[PDB]
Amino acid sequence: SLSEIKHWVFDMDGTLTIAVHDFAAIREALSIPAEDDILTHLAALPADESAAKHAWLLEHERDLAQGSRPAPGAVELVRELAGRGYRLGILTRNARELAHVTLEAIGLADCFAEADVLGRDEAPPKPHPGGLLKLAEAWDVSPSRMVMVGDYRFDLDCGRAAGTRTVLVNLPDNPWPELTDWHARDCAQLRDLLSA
């Protein structure tokens, strides 16, 4: 079961943190009334208008970005696992130094050994298994007793290639059933799953 896994690895972006965007600039650009939610308002527009506005939003994702925040339930999950004495790692395309800064910013830096935060320079790009194998070696543990937690297909492919169990979070359903051992809408539901 999930609770028997005592070695956990997380993707960073999209899993533990998510990008936040400039709501006021979006509302202004897309002519959203103050009384309306942005997405709800867009879904209710005529199809062609909704499509043009959604396209503009995606096109300007980086222009509109304002750093990142912890994903729902992420801090709570990591603290729960750390409280158990579990061993926790990170596998990210980010430079280790940025990953470190991010961990400090969200108050989780003390839950991961610095050597177990693997960035751009410490491991090949997902879905290559190198990074998970590096942690498996450092921890001297069977990959079958580790879990890779992510929100994107290359996270699941990476776990499957290395032989770890896999978890999908931050999508509401199960789009890759063969690649995914457990799925949860977010880290808060994952914590609940773990508990049960």
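Throughout, we count residues from 1 along the sequence that is shown.
Between 90-98 and 74-82, the higher mean Cα B-factor belongs to 90-98. Comparing the deposited coordinates for 125-133 and 52-60, the stretch with the larger average C-alpha B-factor is 125-133. For the set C158, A44, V149, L30, the maximum C-alpha B-factor listed in the entry falls on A44. Sort the modelled residues of the chain by CA B factor and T40 lands in the middle third. Sort the modelled residues of the chain by CA B factor and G14 lands in the lowest third.
Sorting the modelled residues of the chain by their CA temperature factor places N170 in the lowest third. Compared with the other modelled residues of the chain, the Cα B-factor recorded for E178 ranks in the highest third. In this PDB entry, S144 carries a Cα temperature factor that places it within the middle third of its chain's modelled residues.
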